[PDB]
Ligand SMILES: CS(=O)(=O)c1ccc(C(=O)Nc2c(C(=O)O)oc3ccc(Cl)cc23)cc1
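The chain below stands alone and is given in structure tokens; this is the form deposited without the named molecule.
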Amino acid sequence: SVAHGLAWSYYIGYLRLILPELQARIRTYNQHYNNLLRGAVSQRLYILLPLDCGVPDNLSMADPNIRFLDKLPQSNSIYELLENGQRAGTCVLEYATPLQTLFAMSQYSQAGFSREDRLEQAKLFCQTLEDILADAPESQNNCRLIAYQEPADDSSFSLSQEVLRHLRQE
């Protein structure tokens, strides 16, 4: 049942506060700070929600097709996404950082929290957060959760492709 508190704190202490000014920050960046000869940053906050709760310290180390470009002024980061070796999209991207509690609990023997318990709580965190965001006034076509289970076959999943599928739905 840890997922409920994780989802509510993440929304009420972070997403609720950053989503209202996000569009204005992206528009300011695109007009005044972005380099001339490249794409504009897309408008939504893209949140990576790996169901395995594996949150890396560097997105480029997780996928070489996701490259840091800049900080979004006014901490959020802009990345370029590659496909077939070329630039395919630019967006504000980050992980659902409360998943780190679920990961750490699965590694702490006193929690009595298995990998199966972790997966169940990650799914509940995603479901609860989606329900909150659906009813939230701050979420106005400006946030997208990217929840994913990684197949056993490495070749059948690309993190950059997962973000690109959502970005192309804009």
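Residues carry their position along the shown sequence, with the first being 1.
There is another form of the same protein, the form solved in complex with the named molecule; it is not shown, and what comes next is about it.
**Prompt:** Open vs blocked: the named molecule (in the bound PDB entry) superimposed by pocket C-alphas, blocked if 3 or more ligand atoms lie within 2.4 Å of a backbone or C-beta atom?
**Reply:** Output flag = blocked.
**Request:** Select, from the options 128-136, 141-149, 114-122, 33-41, the stretch whose residues sit within 4.5 angstroms of the named molecule in the bound PDB entry by heavy atom distance.
**Result:** Contact-bearing stretch, as computed: 33-41.
**Item:** Contact flag, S106 vs the named molecule in the bound PDB entry, heavy atom cut 4.5 Å
**Value:** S106 lies outside the contact set for the named molecule.
**Sequence-ordered residues of 43-74 touching the named molecule in the bound PDB entry, heavy atom within 4.5 Å** = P73, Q74 sit within 4.5 Å of the partner.
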